[PDB]
Amino acid sequence: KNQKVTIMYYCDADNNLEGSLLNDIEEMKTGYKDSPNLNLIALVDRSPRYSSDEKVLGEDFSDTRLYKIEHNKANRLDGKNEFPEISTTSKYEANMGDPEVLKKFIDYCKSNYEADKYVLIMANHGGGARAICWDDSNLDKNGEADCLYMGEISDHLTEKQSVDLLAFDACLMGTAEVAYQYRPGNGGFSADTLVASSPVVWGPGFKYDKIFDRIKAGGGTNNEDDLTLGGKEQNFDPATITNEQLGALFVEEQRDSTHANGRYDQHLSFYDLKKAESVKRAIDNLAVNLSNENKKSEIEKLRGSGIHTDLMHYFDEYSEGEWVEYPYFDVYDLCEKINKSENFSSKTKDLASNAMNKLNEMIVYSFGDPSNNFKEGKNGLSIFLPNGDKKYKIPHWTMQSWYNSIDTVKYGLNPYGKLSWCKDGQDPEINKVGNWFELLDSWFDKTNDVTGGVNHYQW
Ligand code: NA
Ligand code: NA
Ligand code: NA
């Protein structure tokens with residue numbers, strides 16, 4: 001009733017999105033309403049090549065800094081003990097792709113700005129369940145920009161850094177694997193609720209000024225209609241705001257901002273992550289059935305290929321590169337087409353209906369393309385469904401060994417796997433499918449000896 005809310009903005013502007021993220025910070029300063037129940041602490045890492053702005057944060061710089069944002073104001077902070085490399089006069093360059101930096105940021109905010117509710121907004125690029133936050137200041141073992149892999153974040157972060165809400169201001173983050181990775185009760189770092197978009201997010205990103213202009217005490221409303229909650233858009237007191245109200249804020253303001261500019265391809269969803277497991281298990285059941293009834297042909301006919309797909313998806317199907325990297329399809333649409341197709345038995349239909357029920361329970365709010373018959377609260381979550389047999393000649397599935405449960409670098413594959421979505425629910429028996437990962441591996445890996453085929457996993 002008199003809670004305090006700390007919002008931690010992990011701003012990785014060390015890339016081409018620097019100007020957009022500086023505009024986002026300006027929007028935060030504009031919309032932020034000063035209150036003793038609210039804190040906005042931002043770890044901003046800028047770039048030395050793109051934007052040369054000096055009006056948002058007071059000067060032009062290229063290092064990593066800690067700021068506290070208030071109305072029309074951003075005061076630079078000291079790193080103190082949790083981040084001793086950062087001071088009010090330091091010139092420290094951080095690697096935002098290093099999960100230890102994110103860990104130090106979360107610990108700093110929890111130590112110096114204690115609160116009853118924690119929100120974590122991670123802002124950068126995004127690439128599904130593989131990664132997030134690419135940093136141009138540090139190069140990996142391939143000469144590319146270092147990034148945060150989901151399994152890497154789980155490996156380095158513990159339960160001490162768990163948050164109440166996790167917002168991904170990045171592309172292609174609303175996947176079932178991502179939501180399951182950070183579910184509460186996984187033993188380590190987790191988020192009670194997740195805000196994410198299944199497809200790419202447009203340039204402007206989130207309309208933070210409107211969001212923070214609605215995080216205000218005193219009650220009241222504006223004249224704008226609320227299409228997620230019904231009625232008029234309400235103001236939510238920081239002393240009493242809940243996870244659901246903040247998520248509805250994100251979803252509704254993104255809907256209004258995107259549709260105002262005629263961008264009906266944009267999406268955003270709010271998930272209760274304590275339902276994530278309930279969805280995963282559900283899909284897993286379906287997966288087992290899909291293995292036992294030899295339905296690879298029918299699922300491939302539902303998914304499609306090339307530019308001819310009828311499943312609701314969140315990538316540019318005209319780009320084979322996106323087919324290889326982000327073949328993410330809507331889970332609810334897949335289960336609905338299974339349940340309504342005449343190429344599936346009654347058992348498969350019932351398992352798909354159970355998956356739909358769990359999905360409806362998980363996805364609290366969502367908005368999408370109305371021309372695609374988007375079902376709010378049902379559509380809005382994606383799942384990895386590759387064209388594993390299509391050759392590029394190299395098959396797609398061999399280029400997707402990152403979608404794995406193992407330590408891929410330890411087995412010579414491309415950086416990082418360790419996705420709990422792929423690990424949990426595996427059937428230890430050989431030639432036996434236990435979960436979605438093993439189903440895909442059984443469908444697309446042509447050899448299954450002890451060496452584990454192309455992804456070094458024996459299903
Ligand atoms: Na950096
Ligand atoms: Na509205
Ligand atoms: Na394999």
# chains A, B, ... in the order shown; residues from 1 in each chain; ligands from 1
>>> residues_near_ligand(ligand="ligand 1", cutoff="6 Å", atoms="only C-alpha atoms and all ligand atoms", output="VMD selection string")
chain A and resid 14 45 93 to 96 135 137
>>> residues_around(residues="segment 359-375 of chain A", least_positions_apart="6", cutoff="7 Å", atoms="only C-alpha atoms", output="number ranges by chain")
A: 228, 248, 251, 255, 264-273, 275-276, 279, 332
>>> write_last_selection(atoms="N, CA and C atoms", output="PDB file, in the first residue's frame")
ATOM      1  N   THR A 228      -6.688  -2.645 -23.475  1.00  0.00           N
ATOM      2  CA  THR A 228      -6.300  -3.872 -22.791  1.00  0.00           C
ATOM      3  C   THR A 228      -7.133  -4.094 -21.536  1.00  0.00           C
ATOM      4  N   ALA A 248       0.192  -3.994 -18.356  1.00  0.00           N
ATOM      5  CA  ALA A 248      -0.864  -3.387 -19.156  1.00  0.00           C
ATOM      6  C   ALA A 248      -0.451  -2.007 -19.637  1.00  0.00           C
ATOM      7  N   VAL A 251       1.947  -2.631 -22.603  1.00  0.00           N
ATOM      8  CA  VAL A 251       1.245  -3.163 -23.769  1.00  0.00           C
ATOM      9  C   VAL A 251       0.366  -2.092 -24.406  1.00  0.00           C
ATOM     10  N   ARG A 255       0.777  -0.312 -28.023  1.00  0.00           N
ATOM     11  CA  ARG A 255      -0.303  -0.416 -28.999  1.00  0.00           C
ATOM     12  C   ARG A 255      -0.678   0.956 -29.545  1.00  0.00           C
ATOM     13  N   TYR A 264       0.862  -1.612 -37.984  1.00  0.00           N
ATOM     14  CA  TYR A 264       0.063  -2.716 -37.473  1.00  0.00           C
ATOM     15  C   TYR A 264       0.792  -4.052 -37.513  1.00  0.00           C
ATOM     16  N   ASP A 265       2.067  -4.064 -37.900  1.00  0.00           N
ATOM     17  CA  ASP A 265       2.892  -5.257 -37.769  1.00  0.00           C
ATOM     18  C   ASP A 265       3.495  -5.407 -36.376  1.00  0.00           C
ATOM     19  N   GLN A 266       3.389  -4.388 -35.527  1.00  0.00           N
ATOM     20  CA  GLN A 266       4.053  -4.398 -34.232  1.00  0.00           C
ATOM     21  C   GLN A 266       3.274  -5.235 -33.222  1.00  0.00           C
ATOM     22  N   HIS A 267       4.009  -5.832 -32.285  1.00  0.00           N
ATOM     23  CA  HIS A 267       3.423  -6.703 -31.276  1.00  0.00           C
ATOM     24  C   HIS A 267       4.062  -6.427 -29.924  1.00  0.00           C
ATOM     25  N   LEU A 268       3.324  -6.758 -28.867  1.00  0.00           N
ATOM     26  CA  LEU A 268       3.858  -6.741 -27.512  1.00  0.00           C
ATOM     27  C   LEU A 268       2.941  -7.572 -26.627  1.00  0.00           C
ATOM     28  N   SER A 269       3.534  -8.285 -25.669  1.00  0.00           N
ATOM     29  CA  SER A 269       2.802  -9.211 -24.822  1.00  0.00           C
ATOM     30  C   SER A 269       3.329  -9.137 -23.398  1.00  0.00           C
ATOM     31  N   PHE A 270       2.426  -9.414 -22.459  1.00  0.00           N
ATOM     32  CA  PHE A 270       2.710  -9.503 -21.031  1.00  0.00           C
ATOM     33  C   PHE A 270       2.400 -10.923 -20.580  1.00  0.00           C
ATOM     34  N   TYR A 271       3.396 -11.592 -20.008  1.00  0.00           N
ATOM     35  CA  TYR A 271       3.290 -12.983 -19.596  1.00  0.00           C
ATOM     36  C   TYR A 271       3.460 -13.096 -18.091  1.00  0.00           C
ATOM     37  N   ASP A 272       2.630 -13.936 -17.479  1.00  0.00           N
ATOM     38  CA  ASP A 272       2.846 -14.399 -16.114  1.00  0.00           C
ATOM     39  C   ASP A 272       3.770 -15.611 -16.190  1.00  0.00           C
ATOM     40  N   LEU A 273       5.037 -15.425 -15.811  1.00  0.00           N
ATOM     41  CA  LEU A 273       6.028 -16.475 -16.021  1.00  0.00           C
ATOM     42  C   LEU A 273       5.829 -17.687 -15.119  1.00  0.00           C
ATOM     43  N   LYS A 275       3.307 -19.330 -15.082  1.00  0.00           N
ATOM     44  CA  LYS A 275       2.579 -20.244 -15.950  1.00  0.00           C
ATOM     45  C   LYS A 275       3.460 -20.840 -17.040  1.00  0.00           C
ATOM     46  N   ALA A 276       4.676 -20.313 -17.215  1.00  0.00           N
ATOM     47  CA  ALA A 276       5.532 -20.723 -18.326  1.00  0.00           C
ATOM     48  C   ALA A 276       5.757 -22.230 -18.329  1.00  0.00           C
ATOM     49  N   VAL A 279       2.940 -24.212 -19.625  1.00  0.00           N
ATOM     50  CA  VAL A 279       2.897 -24.262 -21.081  1.00  0.00           C
ATOM     51  C   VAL A 279       3.923 -25.257 -21.605  1.00  0.00           C
ATOM     52  N   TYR A 332       0.132 -20.567 -30.063  1.00  0.00           N
ATOM     53  CA  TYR A 332      -1.313 -20.754 -30.016  1.00  0.00           C
ATOM     54  C   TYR A 332      -1.874 -21.049 -31.401  1.00  0.00           C
TER      55      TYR A 332
END
>>> select_by_dssp(residues="segment 198-244 of chain A", states="strand (DSSP E or B)", output="PyMOL selection string")
chain A and resi 221-225+232-234
>>> write_last_selection(atoms="C-alpha atoms", output="CSV table (one decimal), in the first residue's frame")
chain,number,residue,atom,x,y,z
A,221,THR,CA,-7.6,9.4,-15.9
A,222,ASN,CA,-7.1,10.9,-19.3
A,223,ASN,CA,-9.7,10.8,-22.0
A,224,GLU,CA,-7.9,8.0,-24.0
A,225,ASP,CA,-9.6,4.6,-24.1
A,232,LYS,CA,-10.5,4.9,-19.7
A,233,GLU,CA,-6.7,4.8,-19.3
A,234,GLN,CA,-6.0,5.0,-15.6
>>> closest_atom_pairs(of="chain A", to="ligand 3", cutoff="12 Å", atoms="only C-alpha atoms and all ligand atoms", output="JSON lines")
{"residue": "A:397", "atom": "CA", "partner": "ligand 3", "partner_atom_place_in_ligand_line": "1 (Na)", "distance": 9.6}
{"residue": "A:398", "atom": "CA", "partner": "ligand 3", "partner_atom_place_in_ligand_line": "1 (Na)", "distance": 9.2}
{"residue": "A:400", "atom": "CA", "partner": "ligand 3", "partner_atom_place_in_ligand_line": "1 (Na)", "distance": 11.2}
{"residue": "A:401", "atom": "CA", "partner": "ligand 3", "partner_atom_place_in_ligand_line": "1 (Na)", "distance": 8.9}
{"residue": "A:403", "atom": "CA", "partner": "ligand 3", "partner_atom_place_in_ligand_line": "1 (Na)", "distance": 11.4}
{"residue": "A:404", "atom": "CA", "partner": "ligand 3", "partner_atom_place_in_ligand_line": "1 (Na)", "distance": 9.8}
{"residue": "A:405", "atom": "CA", "partner": "ligand 3", "partner_atom_place_in_ligand_line": "1 (Na)", "distance": 11.5}
{"residue": "A:406", "atom": "CA", "partner": "ligand 3", "partner_atom_place_in_ligand_line": "1 (Na)", "distance": 11.3}
{"residue": "A:430", "atom": "CA", "partner": "ligand 3", "partner_atom_place_in_ligand_line": "1 (Na)", "distance": 11.0}
{"residue": "A:431", "atom": "CA", "partner": "ligand 3", "partner_atom_place_in_ligand_line": "1 (Na)", "distance": 10.3}
{"residue": "A:433", "atom": "CA", "partner": "ligand 3", "partner_atom_place_in_ligand_line": "1 (Na)", "distance": 11.8}
{"residue": "A:437", "atom": "CA", "partner": "ligand 3", "partner_atom_place_in_ligand_line": "1 (Na)", "distance": 10.1}
{"residue": "A:438", "atom": "CA", "partner": "ligand 3", "partner_atom_place_in_ligand_line": "1 (Na)", "distance": 8.5}
{"residue": "A:439", "atom": "CA", "partner": "ligand 3", "partner_atom_place_in_ligand_line": "1 (Na)", "distance": 10.5}
{"residue": "A:440", "atom": "CA", "partner": "ligand 3", "partner_atom_place_in_ligand_line": "1 (Na)", "distance": 9.4}
{"residue": "A:441", "atom": "CA", "partner": "ligand 3", "partner_atom_place_in_ligand_line": "1 (Na)", "distance": 5.6}
{"residue": "A:442", "atom": "CA", "partner": "ligand 3", "partner_atom_place_in_ligand_line": "1 (Na)", "distance": 7.3}
{"residue": "A:443", "atom": "CA", "partner": "ligand 3", "partner_atom_place_in_ligand_line": "1 (Na)", "distance": 9.7}
{"residue": "A:444", "atom": "CA", "partner": "ligand 3", "partner_atom_place_in_ligand_line": "1 (Na)", "distance": 8.3}
{"residue": "A:445", "atom": "CA", "partner": "ligand 3", "partner_atom_place_in_ligand_line": "1 (Na)", "distance": 5.3}
{"residue": "A:446", "atom": "CA", "partner": "ligand 3", "partner_atom_place_in_ligand_line": "1 (Na)", "distance": 7.8}
{"residue": "A:447", "atom": "CA", "partner": "ligand 3", "partner_atom_place_in_ligand_line": "1 (Na)", "distance": 6.7}
{"residue": "A:448", "atom": "CA", "partner": "ligand 3", "partner_atom_place_in_ligand_line": "1 (Na)", "distance": 5.5}
{"residue": "A:449", "atom": "CA", "partner": "ligand 3", "partner_atom_place_in_ligand_line": "1 (Na)", "distance": 7.9}
{"residue": "A:450", "atom": "CA", "partner": "ligand 3", "partner_atom_place_in_ligand_line": "1 (Na)", "distance": 8.9}
{"residue": "A:451", "atom": "CA", "partner": "ligand 3", "partner_atom_place_in_ligand_line": "1 (Na)", "distance": 7.8}
{"residue": "A:452", "atom": "CA", "partner": "ligand 3", "partner_atom_place_in_ligand_line": "1 (Na)", "distance": 4.1}
{"residue": "A:453", "atom": "CA", "partner": "ligand 3", "partner_atom_place_in_ligand_line": "1 (Na)", "distance": 3.7}
{"residue": "A:454", "atom": "CA", "partner": "ligand 3", "partner_atom_place_in_ligand_line": "1 (Na)", "distance": 5.3}
{"residue": "A:455", "atom": "CA", "partner": "ligand 3", "partner_atom_place_in_ligand_line": "1 (Na)", "distance": 5.0}
{"residue": "A:456", "atom": "CA", "partner": "ligand 3", "partner_atom_place_in_ligand_line": "1 (Na)", "distance": 5.4}
{"residue": "A:457", "atom": "CA", "partner": "ligand 3", "partner_atom_place_in_ligand_line": "1 (Na)", "distance": 4.4}
{"residue": "A:458", "atom": "CA", "partner": "ligand 3", "partner_atom_place_in_ligand_line": "1 (Na)", "distance": 4.9}
{"residue": "A:459", "atom": "CA", "partner": "ligand 3", "partner_atom_place_in_ligand_line": "1 (Na)", "distance": 6.3}
>>> atom_distance(atom1="atom CA of residue 263 of chain A", atom2="atom CA of residue 302 of chain A")
27.1 Å
>>> atom_distance(atom1="atom CA of residue 108 of chain A", atom2="atom CA of residue 91 of chain A")
18.3 Å
>>> closest_residue(among="A:213, A:298, A:252, A:284", to="ligand 2", atoms="only C-alpha atoms and all ligand atoms")
A:252
>>> residues_around(residues="residue 83 of chain A", least_positions_apart="3", cutoff="12 Å", atoms="only C-alpha atoms", output="PDB file with N, CA and C atoms, in the first residue's frame")
ATOM      1  N   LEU A  43      21.929   2.231 -16.226  1.00  0.00           N
ATOM      2  CA  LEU A  43      23.311   1.981 -16.618  1.00  0.00           C
ATOM      3  C   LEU A  43      23.380   2.164 -18.127  1.00  0.00           C
ATOM      4  N   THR A  64      30.789   4.108 -20.044  1.00  0.00           N
ATOM      5  CA  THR A  64      29.627   3.560 -19.357  1.00  0.00           C
ATOM      6  C   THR A  64      29.415   4.323 -18.056  1.00  0.00           C
ATOM      7  N   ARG A  65      28.179   4.759 -17.816  1.00  0.00           N
ATOM      8  CA  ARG A  65      27.883   5.607 -16.670  1.00  0.00           C
ATOM      9  C   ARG A  65      26.600   5.145 -15.991  1.00  0.00           C
ATOM     10  N   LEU A  66      26.466   5.520 -14.720  1.00  0.00           N
ATOM     11  CA  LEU A  66      25.262   5.281 -13.935  1.00  0.00           C
ATOM     12  C   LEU A  66      24.552   6.604 -13.692  1.00  0.00           C
ATOM     13  N   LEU A  77      25.747   9.216 -10.930  1.00  0.00           N
ATOM     14  CA  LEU A  77      25.951   8.574  -9.640  1.00  0.00           C
ATOM     15  C   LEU A  77      27.346   7.969  -9.556  1.00  0.00           C
ATOM     16  N   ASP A  78      27.695   7.538  -8.350  1.00  0.00           N
ATOM     17  CA  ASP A  78      28.929   6.817  -8.089  1.00  0.00           C
ATOM     18  C   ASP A  78      28.631   5.325  -8.000  1.00  0.00           C
ATOM     19  N   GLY A  79      29.598   4.509  -8.428  1.00  0.00           N
ATOM     20  CA  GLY A  79      29.393   3.071  -8.413  1.00  0.00           C
ATOM     21  C   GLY A  79      29.480   2.438  -7.044  1.00  0.00           C
ATOM     22  N   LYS A  80      30.125   3.109  -6.097  1.00  0.00           N
ATOM     23  CA  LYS A  80      30.237   2.655  -4.701  1.00  0.00           C
ATOM     24  C   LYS A  80      30.891   1.268  -4.704  1.00  0.00           C
ATOM     25  N   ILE A  86      32.995   2.477 -11.781  1.00  0.00           N
ATOM     26  CA  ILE A  86      32.220   3.620 -12.244  1.00  0.00           C
ATOM     27  C   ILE A  86      32.133   4.637 -11.116  1.00  0.00           C
ATOM     28  N   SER A  87      32.434   5.892 -11.430  1.00  0.00           N
ATOM     29  CA  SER A  87      32.317   6.993 -10.484  1.00  0.00           C
ATOM     30  C   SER A  87      31.640   8.152 -11.208  1.00  0.00           C
ATOM     31  N   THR A  88      31.587   9.313 -10.554  1.00  0.00           N
ATOM     32  CA  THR A  88      31.067  10.508 -11.207  1.00  0.00           C
ATOM     33  C   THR A  88      32.074  11.160 -12.146  1.00  0.00           C
ATOM     34  N   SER A  90      34.748   8.968 -13.651  1.00  0.00           N
ATOM     35  CA  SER A  90      35.474   7.895 -14.308  1.00  0.00           C
ATOM     36  C   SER A  90      35.228   7.917 -15.817  1.00  0.00           C
ATOM     37  N   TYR A  92      35.067   4.699 -17.677  1.00  0.00           N
ATOM     38  CA  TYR A  92      35.120   3.244 -17.671  1.00  0.00           C
ATOM     39  C   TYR A  92      34.255   2.697 -18.798  1.00  0.00           C
ATOM     40  N   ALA A  94      32.450  -0.516 -20.256  1.00  0.00           N
ATOM     41  CA  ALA A  94      31.929  -1.813 -19.855  1.00  0.00           C
ATOM     42  C   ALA A  94      31.528  -2.634 -21.073  1.00  0.00           C
ATOM     43  N   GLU A 100      28.292 -10.576 -16.169  1.00  0.00           N
ATOM     44  CA  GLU A 100      28.766 -10.060 -14.891  1.00  0.00           C
ATOM     45  C   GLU A 100      28.472  -8.571 -14.750  1.00  0.00           C
ATOM     46  N   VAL A 101      28.476  -7.828 -15.860  1.00  0.00           N
ATOM     47  CA  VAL A 101      28.123  -6.411 -15.812  1.00  0.00           C
ATOM     48  C   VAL A 101      26.656  -6.238 -15.431  1.00  0.00           C
ATOM     49  N   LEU A 102      25.772  -7.029 -16.045  1.00  0.00           N
ATOM     50  CA  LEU A 102      24.357  -6.981 -15.683  1.00  0.00           C
ATOM     51  C   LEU A 102      24.156  -7.364 -14.222  1.00  0.00           C
ATOM     52  N   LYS A 103      24.913  -8.358 -13.753  1.00  0.00           N
ATOM     53  CA  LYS A 103      24.822  -8.790 -12.363  1.00  0.00           C
ATOM     54  C   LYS A 103      25.247  -7.672 -11.417  1.00  0.00           C
ATOM     55  N   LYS A 104      26.370  -7.020 -11.724  1.00  0.00           N
ATOM     56  CA  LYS A 104      26.839  -5.906 -10.908  1.00  0.00           C
ATOM     57  C   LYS A 104      25.839  -4.756 -10.915  1.00  0.00           C
ATOM     58  N   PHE A 105      25.197  -4.504 -12.058  1.00  0.00           N
ATOM     59  CA  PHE A 105      24.193  -3.445 -12.123  1.00  0.00           C
ATOM     60  C   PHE A 105      22.999  -3.764 -11.230  1.00  0.00           C
ATOM     61  N   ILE A 106      22.490  -4.997 -11.317  1.00  0.00           N
ATOM     62  CA  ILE A 106      21.341  -5.378 -10.500  1.00  0.00           C
ATOM     63  C   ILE A 106      21.692  -5.323  -9.018  1.00  0.00           C
ATOM     64  N   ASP A 107      22.888  -5.797  -8.650  1.00  0.00           N
ATOM     65  CA  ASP A 107      23.293  -5.751  -7.246  1.00  0.00           C
ATOM     66  C   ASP A 107      23.444  -4.314  -6.758  1.00  0.00           C
ATOM     67  N   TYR A 108      24.014  -3.437  -7.591  1.00  0.00           N
ATOM     68  CA  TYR A 108      24.124  -2.025  -7.238  1.00  0.00           C
ATOM     69  C   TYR A 108      22.754  -1.424  -6.965  1.00  0.00           C
ATOM     70  N   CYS A 109      21.791  -1.685  -7.853  1.00  0.00           N
ATOM     71  CA  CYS A 109      20.464  -1.104  -7.672  1.00  0.00           C
ATOM     72  C   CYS A 109      19.769  -1.672  -6.442  1.00  0.00           C
ATOM     73  N   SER A 111      21.232  -2.714  -3.773  1.00  0.00           N
ATOM     74  CA  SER A 111      21.923  -2.286  -2.563  1.00  0.00           C
ATOM     75  C   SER A 111      21.683  -0.813  -2.259  1.00  0.00           C
ATOM     76  N   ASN A 112      21.708   0.046  -3.276  1.00  0.00           N
ATOM     77  CA  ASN A 112      21.636   1.483  -3.048  1.00  0.00           C
ATOM     78  C   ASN A 112      20.247   2.067  -3.258  1.00  0.00           C
TER      79      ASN A 112
END
>>> residues_around(residues="residue 291 of chain A", least_positions_apart="2", cutoff="9 Å", atoms="only C-alpha atoms", output="list in words")
residues 286, 287, 288, 289, 293, 294, 295, 296, 432, 433, 434, 439, 442 and 443 of chain A
>>> closest_residue(among="A:39, A:190, A:254, A:23", to="ligand 2", atoms="only C-alpha atoms and all ligand atoms")
A:254
>>> residues_around(residues="residue 3 of chain A", least_positions_apart="3", cutoff="9 Å", atoms="only C-alpha atoms", output="list in words")
residues 37, 38, 115, 116, 117, 238, 239, 240 and 241 of chain A
>>> select_by_dssp(residues="segment 52-203 of chain A", states="helix (DSSP H, G or I)", output="ChimeraX atom specification")
/A:99-112,150-156,159-161,176-181
>>> closest_residue(among="A:395, A:204, A:184, A:417", to="residue 323 of chain A", atoms="only C-alpha atoms")
A:395
>>> residues_around(residues="residue 130 of chain A", least_positions_apart="3", cutoff="8 Å", atoms="only C-alpha atoms", output="JSON, numbers by chain")
{"A": [127, 149, 150, 402, 403, 416, 417]}
>>> write_last_selection(atoms="N, CA and C atoms", output="mmCIF file, in the first residue's frame")
data_model
loop_
_atom_site.group_PDB
_atom_site.id
_atom_site.type_symbol
_atom_site.label_atom_id
_atom_site.label_comp_id
_atom_site.auth_asym_id
_atom_site.auth_seq_id
_atom_site.Cartn_x
_atom_site.Cartn_y
_atom_site.Cartn_z
ATOM 1 N N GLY A 127 17.649 -11.305 -30.515
ATOM 2 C CA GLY A 127 17.685 -12.375 -31.493
ATOM 3 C C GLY A 127 17.158 -13.702 -30.987
ATOM 4 N N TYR A 149 23.839 -14.239 -24.096
ATOM 5 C CA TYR A 149 23.031 -15.405 -24.414
ATOM 6 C C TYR A 149 22.162 -15.762 -23.216
ATOM 7 N N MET A 150 20.958 -16.260 -23.504
ATOM 8 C CA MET A 150 19.990 -16.523 -22.442
ATOM 9 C C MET A 150 20.544 -17.522 -21.431
ATOM 10 N N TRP A 402 22.758 -24.226 -31.931
ATOM 11 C CA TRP A 402 22.685 -23.361 -30.759
ATOM 12 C C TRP A 402 21.400 -23.596 -29.976
ATOM 13 N N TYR A 403 20.343 -24.050 -30.652
ATOM 14 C CA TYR A 403 19.088 -24.426 -30.005
ATOM 15 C C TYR A 403 19.294 -25.778 -29.330
ATOM 16 N N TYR A 416 27.264 -21.074 -27.194
ATOM 17 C CA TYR A 416 26.255 -21.220 -26.150
ATOM 18 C C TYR A 416 24.950 -21.915 -26.513
ATOM 19 N N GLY A 417 24.533 -22.798 -25.610
ATOM 20 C CA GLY A 417 23.240 -23.446 -25.624
ATOM 21 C C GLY A 417 22.651 -23.378 -24.228
#
>>> residues_around(residues="residue 145 of chain A", least_positions_apart="5", cutoff="6 Å", atoms="only C-alpha atoms", output="MDAnalysis selection string")
chainID A and resid 134:136 139
>>> closest_residue(among="A:338, A:356, A:396, A:423", to="residue 321 of chain A", atoms="only C-alpha atoms")
A:396
>>> closest_residue(among="A:170, A:229, A:13, A:123", to="ligand 2", atoms="only C-alpha atoms and all ligand atoms")
A:229
